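A quick write-up on the structure given underneath.
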Number of protein chains: 2
Amino acid sequence: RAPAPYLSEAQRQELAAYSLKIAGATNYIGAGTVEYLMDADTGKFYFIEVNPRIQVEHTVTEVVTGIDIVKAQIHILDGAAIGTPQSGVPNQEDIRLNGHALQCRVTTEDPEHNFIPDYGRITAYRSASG
Amino acid sequence: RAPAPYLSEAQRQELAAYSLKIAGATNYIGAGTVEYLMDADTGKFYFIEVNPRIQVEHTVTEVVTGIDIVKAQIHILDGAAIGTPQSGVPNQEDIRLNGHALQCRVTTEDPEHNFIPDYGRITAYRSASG
Ligand SMILES: [Mg+2]
Ligand SMILES: [Mg+2]
Ligand SMILES: [Mg+2]
Ligand SMILES: [Mg+2]
């Protein structure tokens, strides 16, 4: 889910500051994810690790921010500066949340058969959009 | 296309003010479109007609405003007030443009046969998203 719906605006800015600290400290190039565990009892955050790559769940962030993370990666490696139009990335002050998103992966894991993936011929596939 | 890319902000707001006048004067209920001709040589606008219904091109407007027109039609006819969360519609001050969109209708009209629509069984259909 993006953003995390149980966070206050304060917790949201707290986490963002920690992540910029980590990214700067490692002179990070490209897209990466800084992972925390939050103690639901206390509200405390604890850094766990950095995933130094794009992730399967990037899509929820693209939809609520409007920023294509893959084109951003390509422009960054072409030498573009974040905040210039040719980077595809706004300056921080122009990055905003717009709404909420969730994402799910649909698989052939059969819930009625202990999540063993099913296999074989798909006889019909019609997606739903809108 | 939404918004109209050849317009300035000032033009955009002039047009909005005319449209709100028409809507209010007709006590309009639901979704409607106020259509204008704009003279490309002078920048002058001219009211042509109101289309008193949703239109095929509503989709570009939805994507750049974030507002579901069809849900809004439904809440409005349920009696909701625009501006309340129940209406699915923000107050005017909270309605804003976010980026740019265009819509293309894919049809069986054959450019190789004077746009006569083709017909028959579709043997393969795979859309593209992202
Ligand atoms: Mg991890
Ligand atoms: Mg890991
Ligand atoms: Mg017309
Ligand atoms: Mg007409």
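The chains in the structure tokens are called A, B, ... from first to last as shown; in each chain the residues are counted from 1, and the ligands are counted from 1 in the order shown.
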- Message: Residues within 7 Å of residue 51 of chain A, please, as a list in words. Count only C-alpha atoms; anything in the same chain fewer than 2 positions from it doesn't count.
- Response: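 My list of contacting residues is residues 32, 33, 34, 49 and 53 of chain A.
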Neighbouring residues of residue 108 of chain A were defined as those with any atom within 7 Å, considering only C-alpha atoms; residues of the same chain fewer than 2 positions away were excluded. Please report them as a short mmCIF file (atom, residue, chain, number, x, y, z; two decimals) with N, CA, C and O atoms, in the first residue's frame.
```
data_model
loop_
_atom_site.label_atom_id
_atom_site.label_comp_id
_atom_site.auth_asym_id
_atom_site.auth_seq_id
_atom_site.Cartn_x
_atom_site.Cartn_y
_atom_site.Cartn_z
N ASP A 110 -3.24 -22.03 -5.53
CA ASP A 110 -4.61 -22.45 -5.25
C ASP A 110 -4.87 -22.50 -3.75
O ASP A 110 -4.40 -23.40 -3.07
N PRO A 117 1.06 -24.00 -6.52
CA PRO A 117 0.70 -23.33 -7.76
C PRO A 117 0.09 -24.30 -8.75
O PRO A 117 0.55 -25.47 -8.88
N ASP A 118 -0.98 -23.87 -9.41
CA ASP A 118 -1.57 -24.67 -10.46
C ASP A 118 -0.77 -24.40 -11.74
O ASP A 118 -0.09 -23.38 -11.85
#
```
- Task: Tell me the residues of chain B close to chain A, meaning within 9 Å using only C-alpha atoms, as a list in words.
- Result: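 That gives the following set of residues: residues 66, 98 and 99 of chain B.
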- Could you write out, as JSON, numbers by chain, all the residues of chain B that DSSP marks as strand (DSSP E or B)? {"B": [2, 33, 34, 35, 36, 37, 38, 45, 46, 47, 48, 49, 50, 51, 101, 109, 110, 116, 117]}
Store the residues picked out above, limited to C-alpha atoms, as an mmCIF file, in the first residue's frame.
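Result file follows (result28.cif):
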```
data_model
loop_
_atom_site.group_PDB
_atom_site.id
_atom_site.type_symbol
_atom_site.label_atom_id
_atom_site.label_comp_id
_atom_site.auth_asym_id
_atom_site.auth_seq_id
_atom_site.Cartn_x
_atom_site.Cartn_y
_atom_site.Cartn_z
ATOM 1 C CA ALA B 2 -7.077 17.117 -21.153
ATOM 2 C CA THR B 33 -20.235 19.457 -21.182
ATOM 3 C CA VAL B 34 -20.245 23.081 -22.308
ATOM 4 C CA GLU B 35 -18.744 23.196 -25.823
ATOM 5 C CA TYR B 36 -16.947 26.172 -27.332
ATOM 6 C CA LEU B 37 -15.313 27.152 -30.514
ATOM 7 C CA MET B 38 -12.027 29.003 -30.060
ATOM 8 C CA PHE B 45 -14.098 31.740 -27.349
ATOM 9 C CA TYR B 46 -17.668 31.199 -28.583
ATOM 10 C CA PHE B 47 -20.305 29.027 -26.851
ATOM 11 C CA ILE B 48 -21.719 26.350 -29.216
ATOM 12 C CA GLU B 49 -23.882 23.893 -27.191
ATOM 13 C CA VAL B 50 -24.205 22.022 -23.896
ATOM 14 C CA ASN B 51 -24.104 18.226 -24.214
ATOM 15 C CA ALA B 101 -3.793 12.959 -20.866
ATOM 16 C CA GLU B 109 -12.202 1.260 -39.307
ATOM 17 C CA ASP B 110 -9.754 0.260 -42.025
ATOM 18 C CA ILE B 116 -15.093 1.213 -43.697
ATOM 19 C CA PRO B 117 -15.444 -0.730 -40.425
#
```
Using only C-alpha atoms, which residues sit within 8 Å of segment 86-96 of chain A once same-chain residues fewer than 5 positions away are excluded, as a compact mmCIF listing (two decimals) with N, CA and C atoms, in the first residue's frame?
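Result saved to result_24.txt:
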```
# COMPACT_ATOMS: atom_id res chain seq x y z
N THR A 65 2.46 9.18 -6.51
CA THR A 65 3.41 10.32 -6.68
C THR A 65 3.42 10.89 -8.10
N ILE A 67 5.40 9.76 -10.43
CA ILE A 67 6.80 9.73 -10.89
C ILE A 67 7.16 8.33 -11.35
N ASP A 68 7.58 8.24 -12.61
CA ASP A 68 7.94 7.00 -13.24
C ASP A 68 9.35 6.71 -12.71
N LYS A 71 11.99 5.35 -15.55
CA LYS A 71 12.55 6.40 -16.41
C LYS A 71 13.49 7.22 -15.56
N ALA A 72 13.11 7.46 -14.29
CA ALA A 72 14.03 8.18 -13.36
C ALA A 72 15.39 7.47 -13.30
N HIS A 75 17.34 8.03 -16.56
CA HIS A 75 17.91 9.40 -16.67
C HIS A 75 19.07 9.66 -15.69
N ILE A 76 18.94 9.15 -14.46
CA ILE A 76 19.98 9.28 -13.43
C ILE A 76 21.26 8.67 -13.95
N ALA A 80 21.74 12.73 -15.53
CA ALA A 80 20.80 13.83 -15.21
C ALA A 80 20.71 14.15 -13.72
N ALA A 81 20.38 15.41 -13.46
CA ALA A 81 20.27 15.96 -12.12
C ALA A 81 18.81 16.00 -11.73
```
- Provide the atom CA of residue 13 of chain B to atom CA of residue 100 of chain A distance in Å, to one decimal place.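 That distance, rounded to one decimal, is 28.7 Å.
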- Query: Mind pulling up the distance from atom CA of residue 103 of chain A to atom CA of residue 64 of chain A?
  - Reply: 11.9 Å
- Task: Could you check how far atom CA of residue 20 of chain B sits from atom CA of residue 78 of chain B, in Å to one decimal?
- Result: 22.1 Å
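Considering the residues A:55, A:128, A:73, A:102 and counting only C-alpha atoms and all ligand atoms, ligand 1 has its shortest atom-to-atom contact with A:55.
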- Task: Pull the helix (DSSP H, G or I) assignments for chain A out of DSSP run on the backbone, and list those residues as a PyMOL selection string.
- Result: chain A and resi 9-25+58-65+69-77+85-87+92-94+111-113
Keeping only C-alpha atoms, write the selected residues as a PDB file, in the first residue's frame.
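Writing the result to again.pdb gives the following:
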```pdb
ATOM      1  CA  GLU A   9       1.887  13.169   9.015  1.00  0.00           C
ATOM      2  CA  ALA A  10       4.611  13.448  11.683  1.00  0.00           C
ATOM      3  CA  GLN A  11       5.676   9.787  11.459  1.00  0.00           C
ATOM      4  CA  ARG A  12       5.689  10.136   7.645  1.00  0.00           C
ATOM      5  CA  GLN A  13       8.167  13.015   7.771  1.00  0.00           C
ATOM      6  CA  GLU A  14      10.251  11.263  10.489  1.00  0.00           C
ATOM      7  CA  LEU A  15      10.779   8.228   8.246  1.00  0.00           C
ATOM      8  CA  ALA A  16      11.505  10.356   5.208  1.00  0.00           C
ATOM      9  CA  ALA A  17      14.295  12.149   7.100  1.00  0.00           C
ATOM     10  CA  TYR A  18      15.875   8.827   8.161  1.00  0.00           C
ATOM     11  CA  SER A  19      15.820   7.560   4.562  1.00  0.00           C
ATOM     12  CA  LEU A  20      17.540  10.665   3.134  1.00  0.00           C
ATOM     13  CA  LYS A  21      20.191  10.226   5.854  1.00  0.00           C
ATOM     14  CA  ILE A  22      20.821   6.612   4.736  1.00  0.00           C
ATOM     15  CA  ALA A  23      20.725   7.479   0.999  1.00  0.00           C
ATOM     16  CA  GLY A  24      23.157  10.389   1.422  1.00  0.00           C
ATOM     17  CA  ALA A  25      25.485   8.412   3.683  1.00  0.00           C
ATOM     18  CA  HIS A  58       7.192   0.276  -6.855  1.00  0.00           C
ATOM     19  CA  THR A  59       3.917   0.592  -8.719  1.00  0.00           C
ATOM     20  CA  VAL A  60       1.852   1.878  -5.744  1.00  0.00           C
ATOM     21  CA  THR A  61       4.419   4.679  -5.261  1.00  0.00           C
ATOM     22  CA  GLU A  62       4.399   5.613  -8.962  1.00  0.00           C
ATOM     23  CA  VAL A  63       0.589   5.926  -8.892  1.00  0.00           C
ATOM     24  CA  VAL A  64       0.355   8.124  -5.762  1.00  0.00           C
ATOM     25  CA  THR A  65       3.405  10.324  -6.677  1.00  0.00           C
ATOM     26  CA  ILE A  69      10.689   5.316 -11.217  1.00  0.00           C
ATOM     27  CA  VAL A  70      12.108   3.357 -14.153  1.00  0.00           C
ATOM     28  CA  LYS A  71      12.547   6.404 -16.410  1.00  0.00           C
ATOM     29  CA  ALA A  72      14.032   8.183 -13.362  1.00  0.00           C
ATOM     30  CA  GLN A  73      16.634   5.362 -13.048  1.00  0.00           C
ATOM     31  CA  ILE A  74      17.529   5.587 -16.746  1.00  0.00           C
ATOM     32  CA  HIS A  75      17.915   9.397 -16.669  1.00  0.00           C
ATOM     33  CA  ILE A  76      19.976   9.278 -13.429  1.00  0.00           C
ATOM     34  CA  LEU A  77      22.392   6.861 -15.052  1.00  0.00           C
ATOM     35  CA  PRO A  85      13.098  18.244 -16.433  1.00  0.00           C
ATOM     36  CA  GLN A  86      15.414  15.811 -18.187  1.00  0.00           C
ATOM     37  CA  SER A  87      15.715  13.717 -14.937  1.00  0.00           C
ATOM     38  CA  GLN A  92      11.723  17.307  -3.092  1.00  0.00           C
ATOM     39  CA  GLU A  93       9.394  20.232  -2.407  1.00  0.00           C
ATOM     40  CA  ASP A  94       7.410  19.312  -5.564  1.00  0.00           C
ATOM     41  CA  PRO A 111      -5.901 -21.432  -1.785  1.00  0.00           C
ATOM     42  CA  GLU A 112      -8.038 -24.589  -1.732  1.00  0.00           C
ATOM     43  CA  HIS A 113      -4.976 -26.757  -2.360  1.00  0.00           C
TER      44      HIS A 113
END
```
